[PDB]
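A single chain comes next, written as structure tokens; it is the form deposited in one PDB entry.
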């Protein structure tokens, strides 16, 4: 229907929002984990809450928040035009969320070797790429509506 433009617009609006929230968060989680891993050597110092003192904790919350965000995005059924794009993103998200979930495990148990061996970058890049696509396909939509 004519007036339905807004309901199908705000939907494609929130799909983009929380999606950019997820990325912003996993991107902030990887930096938090590095601040913990970096300081888990010569410049340790802090004894109160050893290991999980400050940034490790902040990196558990940031992933938790990115999980909460995406959970909504996945809750919304993708438009027929965006089905193949949404899936590509979902898959790429699975790998990277997992990668970070394991980096948190690694930092919890002092597994530095494991930490620095996982090729986290490729999985981050794989997700960004899928994101740029979804966005392209997504913006195109409105342009194919004005």
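Between two forms, the rigid core is the largest collection of C-alphas that superpose within 1.5 Å. Positions refer to the first chain, counted from 1.
Unshown form deposited in another entry; subsequent notes refer to it.
Trainee: In a superposition on the rigid core, which residue from 46, 61, 121, 105 has a CA displacement reaching 2 Å or more between this form and the one not shown?
Mentor: Comparing the C-alpha positions, the one residue that moves 2 Å or more is 46.
Trainee: Given a core-based superposition, decide whether the C-alpha of residue 34 shifts by 2 Å or more between this form and the one not shown.
Mentor: Stays below the 2 Å threshold, so no.
Trainee: Compared with this form, is the residue 52-residue 40 Cα separation smaller or larger in the other form, the difference being 3 Å or more?
Mentor: Closer in the other form, by 3 Å or more.
Trainee: If the C-alpha spacing of residue 46 and residue 56 moves by 3 Å or more in the other form, is that a move closer or farther apart?
Mentor: Here the pair is closer than in the other form; there, farther apart.
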